[PDB]
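Report on the following structure.
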Amino acid sequence: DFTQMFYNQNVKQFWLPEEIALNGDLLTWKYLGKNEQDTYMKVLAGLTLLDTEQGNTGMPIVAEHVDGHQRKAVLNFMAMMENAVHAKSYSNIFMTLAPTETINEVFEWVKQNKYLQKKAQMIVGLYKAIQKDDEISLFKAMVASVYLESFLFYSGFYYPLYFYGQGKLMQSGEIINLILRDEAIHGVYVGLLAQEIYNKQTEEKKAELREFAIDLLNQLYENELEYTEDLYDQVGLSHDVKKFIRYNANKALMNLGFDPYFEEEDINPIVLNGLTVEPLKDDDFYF
Amino acid sequence: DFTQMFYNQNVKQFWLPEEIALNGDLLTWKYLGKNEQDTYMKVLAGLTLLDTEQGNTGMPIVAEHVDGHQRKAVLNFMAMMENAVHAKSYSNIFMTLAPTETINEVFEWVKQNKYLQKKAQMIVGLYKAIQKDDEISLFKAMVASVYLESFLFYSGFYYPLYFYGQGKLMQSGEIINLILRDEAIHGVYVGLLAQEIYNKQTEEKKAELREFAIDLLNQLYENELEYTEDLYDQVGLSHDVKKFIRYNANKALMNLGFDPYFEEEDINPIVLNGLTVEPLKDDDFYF
Amino acid sequence: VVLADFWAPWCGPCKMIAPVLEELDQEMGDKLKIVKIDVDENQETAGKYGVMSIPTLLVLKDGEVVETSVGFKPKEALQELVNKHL
Amino acid sequence: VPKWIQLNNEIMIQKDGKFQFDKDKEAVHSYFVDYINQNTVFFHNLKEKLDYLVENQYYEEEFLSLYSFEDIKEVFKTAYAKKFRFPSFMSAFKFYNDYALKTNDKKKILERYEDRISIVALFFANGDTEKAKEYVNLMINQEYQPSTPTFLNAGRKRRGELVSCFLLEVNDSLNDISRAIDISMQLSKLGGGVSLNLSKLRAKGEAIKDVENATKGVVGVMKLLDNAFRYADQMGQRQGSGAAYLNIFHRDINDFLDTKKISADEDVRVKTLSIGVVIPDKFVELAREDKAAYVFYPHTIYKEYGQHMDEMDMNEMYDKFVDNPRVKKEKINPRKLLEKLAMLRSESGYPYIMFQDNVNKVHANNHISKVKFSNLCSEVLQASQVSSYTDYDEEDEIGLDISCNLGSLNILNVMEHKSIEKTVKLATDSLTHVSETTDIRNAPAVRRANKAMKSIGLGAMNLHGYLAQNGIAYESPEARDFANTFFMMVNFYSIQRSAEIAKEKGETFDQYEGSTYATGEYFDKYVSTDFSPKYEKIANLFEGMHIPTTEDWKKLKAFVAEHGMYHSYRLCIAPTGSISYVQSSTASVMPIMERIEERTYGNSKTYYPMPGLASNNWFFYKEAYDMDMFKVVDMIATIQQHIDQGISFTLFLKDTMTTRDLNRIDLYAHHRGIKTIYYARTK
Amino acid sequence: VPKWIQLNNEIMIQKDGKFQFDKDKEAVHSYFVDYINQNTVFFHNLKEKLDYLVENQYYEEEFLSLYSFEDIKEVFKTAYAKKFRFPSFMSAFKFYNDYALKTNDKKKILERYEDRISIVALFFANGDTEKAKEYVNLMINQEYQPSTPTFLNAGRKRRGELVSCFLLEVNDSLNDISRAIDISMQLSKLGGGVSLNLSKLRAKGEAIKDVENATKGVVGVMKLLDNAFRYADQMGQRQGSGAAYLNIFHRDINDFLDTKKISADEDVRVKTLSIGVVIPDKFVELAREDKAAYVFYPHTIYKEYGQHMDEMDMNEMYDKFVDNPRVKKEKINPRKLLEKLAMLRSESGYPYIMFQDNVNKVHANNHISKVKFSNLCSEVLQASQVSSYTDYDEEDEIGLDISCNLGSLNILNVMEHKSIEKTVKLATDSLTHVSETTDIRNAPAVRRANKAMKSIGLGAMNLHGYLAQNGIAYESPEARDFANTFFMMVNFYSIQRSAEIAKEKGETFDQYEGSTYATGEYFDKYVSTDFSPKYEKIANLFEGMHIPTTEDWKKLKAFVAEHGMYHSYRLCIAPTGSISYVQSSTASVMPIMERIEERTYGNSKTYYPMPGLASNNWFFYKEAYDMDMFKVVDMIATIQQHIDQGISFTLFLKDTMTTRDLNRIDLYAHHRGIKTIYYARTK
Ligand SMILES: [Mg+2]
Ligand SMILES: [Mg+2]
Ligand SMILES: [Mn+2]
Ligand SMILES: [Mn+2]
Ligand SMILES: [Mn+2]
Ligand SMILES: [Mn+2]
């Protein structure tokens with residue numbers, strides 16, 4: 001009942017980072033403190049890693065196991081967006097704002113950062129555990145994918161949105177909003193596929209799947225807290241970002257057909273502002 | 001040396017089925033004989049069936065085994081074009097020209113056809129034989145992929161190009177020309193990835209891979225001749241189609257860095273119509 | 001037993017073989033004579049020995065060419081080539 | 001934004017549901033007061049201004065020396081006695097940006113409208129004070145508008161040529177092609193557009209001195225012409241514009257059309273060379289019966305028959321060419337070629353379609369030559385003889401090459417003053433003076449034909465403006481009746497003035513005796529049919545003016561037979577482009593494209609409502625794209641029967657109308673007697 | 001695969017570690033026996049062959065009529081008396097594929113080598129049987145090779161011209177530019193390469209009759225000439241090759257150079273126009289001293305001084321131009337421009353570097369004009385005068401445009417026969433005949449300069465082949481000594497033959513009295529310096545030959561003073577890349593590029609070992625890329641001092657060397673007296 005409308009929405013949202021000129025951010029970037037620039041680079045690098053794996057691994061593997069040519073076409077399109085559009089856009093931003101050495105250093109930093117490695121290990125592990133014709137392993141990977149789309153990106157998205165909302169780094173911010181617009185529909189779509197599998201189960205099996213989903217969310221959440229503190233303490237925003245990731249965790253649960261898990265909190269209003277050839281016939285020669 | 005350049009060329013060639021209005025083809029379709037309509041339907045179904053294998057297996061399997069983030073992104077983009085753009089385009093052409101019952105029957109016929117099946121299963125067999133961390137099996141699959149993209153499609157493309165060059169079925173011919181333009185670049189790109197593997201091999205292993213490629217080409221070519229007579233004798237075109245197959249076989253070989261196998265031939269003109277600074281430091285003016 | 005090296009100053013591979021011949025003279029220079037001839041200054045000898053690129057190494061024994069090696073060779077391969085004729 | 005531009009933008013600001021059309025006059029007042037009156041050089045007297053302009057090499061001295069200063073001062077007083085006021089801001093903007101004389105640093109303005117008009121009139125009169133005052137009255141009343149080259153460059157030293165067009169015949173030789181390139185550049189540096197007939201050039205794969213498959217066709221010559229026009233780009237201020245015409249029976253016709261395709265590669269594509277296709281009635285007949293047609297190699301026909309392909313009647317010689325084994329050809333599909341023409345015009349507006357038999361059915365000078373090609377604006381249709389340019393230090397055989405001596409009648413101001421006769425005669429005299437004073441030394445055939453044929457072009461503009469401001473729909477039969485009567489009157493008085501000039505000078509145009517004017521065949525439909533208005537409403541428009549009758553046409557025919565005719569050609573309706581703004585008129589006899597023109601100038605958005613547009617006549621000013629193209633063809637054919645040359649007929653097409661609709665319009669134009677089709681403008 | 005190609009393929013199949021060079025003789029024998037004799041049409045007698053060839057428009061009947069049939073028969077017999085055998089397969093293949101006359105269907109061979117030679121000899125002699133047999137002996141011994149146009153087209157009816165190259169001076173006007181395009185197309189139709197001097201064309205952004213910043217510079221003319229050469233590309237037999245030469249002090253020099261950039265857009269990029277740069281000594285002086293240089297606007301210099309910029313001495317007039325406020329100029333960095341030149345030559349091989357002061361310091365005809373540019377092969381350095389082509393019906397001021405009749409001496413065959421004097425004199429006579437019989441009606445200046453200057457080009461080839469086959473390294477001082485002596489003798493005998501022709505005909509070339517030949521300045525270095533070999537090995541090569549001594553040069557100087565000189569220019573060394581195969585000779589005086597050339601003709605590769613390449617002389621045939629370019633410059637400068645015109649000096653560079661190495665070679669060539677540099681070939 002939904003794939004065709006998602007197909008149409010995905011293809012009509014098609015974009016390339018080159019459509020957005022980035023040289024306009026040069027001055028507002030120059031004006032940020034060293035702490036702010038550091039957090040910003042690292043935040044986008046963490047996002048780049050997530051999209052790299054979502055494009056290389058997550059979306060293609062889910063596409064392989066989901067039945068139906070139209071469902072596969074949507075998932076293939078989403079996969080392309082992840083690595084050919086989203087992951088690449090971050091390099092466009094980096095290449096504009098930062099010198100090569102700072103770019104090299106931040107990519108080295110992703111490799112050695114323990115929270116980023118842990119979250120990649122956990123998410124990609126679940127993708128690679130999918131067994132052919134085994135719907136339960138597929139469900140688990142789809143939960144992981146929804147958590148990546150609708151929860152994990154948001155510790156990263158906070159900062160570009162926070163600046164956009166203050167009228168700073170607005171070209172980079174425009175790119176990020178386009179990425180976010182895509183991930184929102186990706187999270188909903190994968191969520192609907194996960195619910196399909198969940199709804200086939202016995203009540204006992206469903207109870208176990210909810211346990212899996214909630215245990216996984218909590219494990220990812222605890223890691224994301226440490227990641228958030230590590231990045232945002234130097235810019236004074238860790239508590240604010242934490243509220244934002246809890247907000248989005250609830251959206252991820254809802255995408256999976258589950259009740260919200262965290263209590264509602266006031267999000268920084270700045271971040272909220274950041275959001276023919278017809279042939280002739282014999283009768284045309286007589287009038 | 002080449003992936004970013006191909007990335008650029010691929011994304012700038014992006015297109016959607018909806019861009020070409022198809023209904024005006026009915027004004028020339030109605031004037032074709034039964035044999036012409038039959039051949040066109042059968043050719044179209046042949047292309048559709050082969051392209052589906054490439055979208056569901058060929059491109060995604062190569063993307064899976066190739067190392068490199070940028071290569072995986074380009075390959076993902078190509079897989080997207082197969083599944084999201086090409087497949088919808090072929091379906092659109094069919095739905096415009098034939099009623100539902102006729103489409104189902106043509107696909108039943110072509111699905112049972114000996115020559116279409118022989119080539120489809122030969123290609124798919126090589127994709128299924130790729131082994132993790134074995135570059136030889138990957139190379140063999142890449143050869144199969146290049147043969148599909150740059151050679152096997154062309155016994156089929158001939159007919160729409162033949163009409164397109166005569167002013168018939170111009171809307172569907174425009175679509176086919178866009179598809180063909182994508183397959184050409186797909187073949188060249190996968191060809192470069194195959195040459196990379198080939199160049200890492202010993203001289204004895206190279207000679208062995210050359211023998212593999214020529215042997216495979218021979219098997220496919222002999223089946224193409226039979227496929228060609230089966231479809232085109234009823235419309236009197238087989239001689240010229242055979243010249244077009246050999247010409248495209250030579251292009252496929254050149255994509256794989258190999259010498260042409262067949263002597264140069266002219267092609268049907270109707271189908272053709274369808275188709276180190278070092279600064280001067282002084283003391284260099286004195287000798 | 002003489003190892004004759006046909007070389008030129010512009011030849012990259014001939015520059016690579018030069019230190020290999022110096023080590024070979026230190027290890028074997030009591031039983032082997034090493035002779036170098038520049039083919040840019042001595043075209044008649046290069047022509048007489050029908051030598052068709054550089055570096056070309058001729059093993060001579062008592063004035064007769066007994067072995068010919070073309071292109072760069074490591075020390076161990078030159079030792080094996082000469083030791084056959086000692 | 002400037003005050004005048006800001007006031008102009010209030011046209012589209014709608015109050016009470018109506019456009020603020022009265023804001024435009026305020027825009028003219030603001031524009032003048034704040035920009036023009038401040039930035040026009042004012043002199044203590046006209047004597048100082050004239051001395052400054054002649055001394056500083058702004059004006060020529062020869063034309064002003066024919067008058068005493070009293071005569072010039074009286075002429076300028078006559079121009080300023082009218083107290084002409086521009087009724088729209090766009091008119092003044094166009095004049096004072098394009099046609100008003102400015103200082104060498106372009107900071108100030110040297111010429112007003114009454115000054116440019118006075119200078120043009122003094123140039124036209126050639127020493128006659130009364131004639132100069134008559135020309136001043138004619139132009140300041142805006143009854144007649146000299147063409148852009150003539151209006152711009154009359155009496156100015158820093159100029160080009162007053163001739164608008166140059167139609168060159170290119171013979172089938174390398175010397176002739178080289179001379180064609182040379183003459184094209186030498187006439188593009190003069191400003192006028194150049195059109196070349198390439199039908200005589202042998203096709204691709206022809207022989208050059210008995211060696212076969214040697215020629216690269218007319219496409220190479222089009223490449224050379226395109227780069228020649230690009231080189232002669234007139235400073236780049238106006239890009240070098242050139243046309244190339246090819247008969248549809250020429251073998252290279254497919255490659256000729258292939259150069260305008262967007263998908264065409266840069267190795268075949270031409271950019272600055274407009275293309276036109278000459279279609280004889282034989283091609284239309286072949287397409288009608290859906291029988292296979294043949295495109296012939298011109299040089300094989302020349303070898304076999306001793307005559308060029310385009311000098312022979314294809315309706316008679318097509319069968320002879322087909323059954324001739326020594327004539328080389330390839331089978332083509334005429335309907336496929338027609339569809340290719342239609343899709344090429346849909347995609348790019350090219351080629352211009354010239355119906356050769358429609359032109360030559362009523363061509364008066366077929367004895368001199370049949371009309372083989374048209375101009376860049378696809379409205380000049382004159383006899384031309386090819387020039388055989390021989391090798392150096394050998395005498396060349398000079399033929400006839402056509403030139404535009406253009407001028408436009410403002411139908412609105414012509415009929416408001418009830419002076420069709422006076423305006424037509426004065427315009428004919430001015431065009432005769434322009435033709436006589438033109439002496440082009442680097443184009444031998446152009447100069448020879450200007451001296452011999454003495455052909456002029458007298459067009460008309462503001463047809464749709466007059467019809468809409470008089471409550472007549474353009475497609476209505478009353479509009480066609482008015483056009484019939486008005487253009488019959490224009491033809492009558494142009495023929496009368498030509499005969500009067502022939503009588504007063506004692507000479508006609510060269511080879512006049514063979515023309516249908518001398519034999520009386522031209523006046524047959526004029527002495528046999530009455531062209532008086534058939535509608536009482538239309539007949540009231542001509543009240544106070546003597547409409548020529550059948551007996552009057554008989555007297556004119558007798559007068560022409562006794563005294564001759566000075567001009568081979570007199571009437572041709574040019575597109576009348578940027579100068580239509582200055583006259584506050586609709587362009588040519590074409591219907592208006594848009595009711596209010598949205599134009600971009602610098603960083604400002606300027607709006608130009610068509611003249612006389614208001615609430616009462618809003619629906620009379622129907623947009624051209626909304627009109628039925630068949631009724632526009634009817635209107636033009638009604639006009640075309642009174643114009644000896646062609647009319648620049650632009651097709652205004654909707655986006656939804658396919659190539660079959662365009663082909664139907666083309667075939668209806670051919671059936672209705674339309675001579676040329678200029679453009680296919682798709683909205 | 002053909003048997004002859006397979007036998008030729010056996011060259012690189014090494015047996016016993018040796019190349020099978022003996023297989024090439026087997027390859028040529030197989031080629032003849034299996035293809036040439038079978039595909040050669042034979043006649044019962046020479047009378048039938050000559051009648052068939054004359055009647056079938058293969059031969060001109062005029063040149064064969066001056067001889068009785070017995071004379072022609074005996075000329076052919078003495079051509080076959082040699083029993084000439086081609087030494088290599090590639091020689092016969094090249095001759096019978098490029099020059100041998102074939103039937104109209106190109107299926108059978110009508111001309112043997114001895115028939116082409118006999119026909120060319122009969123054309124050269126012009127009615128003299130003994131002279132015809134002398135020419136036959138000259139060519140069948142392969143001592144002298146007429147240029148490809150002359151050898152291919154002498155005595156033929158389906159012919160172009162016998163002149164290999166043309167040099168056109170383009171004046172600064174639209175008439176002159178259009179006429180230059182016309183003449184370029186006419187001469188490309190004749191088959192000869194055309195070089196144009198664009199240094200007189202005014203710069204981009206200059207004024208056209210008070211209209212400032214209107215010019216497109218020389219680059220628009222380059223686009224026009226490029227499309228002209230593409231159009232007149234000899235129908236596709238060989239793409240129309242043209243050359244454009246610009247002074248390095250022209251303002252458009254950077255735009256002129258940017259045409260060969262790969263990154264250049266198609267709107268500024270030329271493809272068939274070879275570009276050459278003329279470098280006066282002033283530019284090298286400015287680059288050496290690192291002072292900022294100025295490129296000038298030619299029209300400002302013309303207005304200020306009345307002479308074109310290239311017509312004045314740059315070394316004297318540079319400071320006056322720089323200190324002149326009325327001479328517009330722009331500041332450039334001469335060292336950066338030199339680096340740009342070096343990088344352009346590295347990336348594309350262009351431009352042709354011409355050192356103007358190196359040409360004019362030893363130019364004998366500086367009174368007529370300085371040498372402002374070279375030919376398409378950068379070896380024709382002659383005085384030229386620009387032609388002022390006026391308007392139509394206005395007489396043009398025809399100047400001198402260089403026409404070069406080329407001919408090559410085979411140094412190996414000339415030296416082995418000990419016939420320097422006779423070969424040089426017979427070649428001079430043949431070139432004089434070619435110049436006399438050549439008329440070009442469509443190029444008035446080329447024809448005028450051919451009639452007046454009577455300049456010929458007597459080149460040389462197989463220098464490296466002769467040196468290697470004699471055990472002499474091309475870079476060795478012995479090779480330079482041999483080149484000095486041989487070319488001094490060649491110059492001596494060319495001057496002697498020119499003076500003898502002037503005595504026999506009683507006429508010298510126009511303006512001979514002002515040349516250094518008449519004043520004796522040309523012979524100063526010859527009557528002062530003895531050019532006999534300094535090495536006994538080299539002196540032994542000239543055994544049995546009288547080497548001109550100082551006394552002989554004094555006698556020749558007196559003889560020239562008394563009788564004059566018939567030819568303004570006599571010696572010019574062309575690349576001769578095509579006829580070198582037929583003569584089994586190395587191309588020009590250049591060192592060999594490859595010891596065994598690999599060539600693909602069809603689907604088969606055809607190896608060509610160098611003439612005389614063997615095991616004993618393998619290292620004497622050192623490839624040009626491995627050689628020190630300074631030594632090659634020394635060799636060419638040794639040759640150039642005995643050549644009045646230029647030498648096609650190609651630079652053979654390795655990929656390891658940078659743009660600084662290329663600049664160093666360029667500056668060493670300039671310092672050593674090299675006149676022109678042809679190409680920068682990279683391996
Ligand atoms: Mg001719
Ligand atoms: Mg001039
Ligand atoms: Mn993403
Ligand atoms: Mn996503
Ligand atoms: Mn596809
Ligand atoms: Mn594909």
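Numbering starts at 1 and runs along the chain as displayed.
Keep in mind that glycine also has a Cβ here, set from the backbone N, Cα and C atoms.
Residues or ranges marked as active site by Swiss-Prot on the basis of sequence analysis: B:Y90. Annotation source Swiss-Prot lists Fe cation 1 binding site at B:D51, B:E82, B:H86. Marked as Fe cation 2 binding site by Swiss-Prot on the basis of similarity to another entry: B:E82, B:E149, B:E183, B:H186.
Within its own chain, B:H86 (Fe cation 1 binding site) has B:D51, B:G55, B:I179, B:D182 as residues 6 or more apart in sequence whose C-beta sits under 8 angstroms from its own. If you look at the deposited chain, B:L275 and B:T276 flank 20 residues with no coordinates, and their C-alpha atoms are 41 Å apart. The Cβ of B:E82 (Fe cation 1 binding site) has 24 neighbouring Cβ atoms from other residues within 10 Å, across all protein chains displayed. Apart from B:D51, B:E82, B:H86, the Fe cation 1 site neighbourhood in this chain, defined by C-beta within 8 angstroms of the site C-beta centre, holds B:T52, B:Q54, B:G55, B:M81, B:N83, B:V85, B:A87, B:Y90, B:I179, B:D182. Reduced to three states, the DSSP call for B:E183 (Fe cation 2 binding site) is helix. Each residue in B:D51, B:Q54, B:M59, B:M78, B:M81, B:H86, B:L148, B:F153, B:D182, B:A184, B:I185, B:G187 lies on the same chain as B:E82, B:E149, B:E183, B:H186 and has a C-beta within 8 Å of the C-beta centroid of that Fe cation 2 site, without being one of the site residues. Among the recorded positions B:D51, B:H86, B:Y90, no residue has its Cβ under 6 Å from any atom of ligand 6. With a cut-off of under 6 Å between the Cβ and any atom of ligand 5, the recorded positions B:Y90, B:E149, B:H186 reduce to an empty set.
The 10 Å shell around the Cβ of B:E183 (Fe cation 2 binding site) contains 23 further Cβ atoms across the protein chains shown. Taking Cβ-Cβ distances under 8 Å and a sequence separation of 6 or more, the neighbours of B:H186 (Fe cation 2 binding site) in its chain are B:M59, B:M78, B:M81, B:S145, B:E149. According to DSSP, B:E149 (Fe cation 2 binding site) sits within a helical segment.
When the Cα atoms are compared, B:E82 (Fe cation 1 binding site) and B:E183 (Fe cation 2 binding site) turn out to be 9 Å apart. By a simple count of nearby Cβ atoms, those within 10 Å, the most crowded of the binding-site residues B:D51, B:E149 is B:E149. Under DSSP, B:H86 (Fe cation 1 binding site) is assigned to a helix (H, G or I) in the three-state scheme. Rounded to a whole value, the Cα-Cα separation of the residue listed as 'active site' and B:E183 (Fe cation 2 binding site) is 14 Å.
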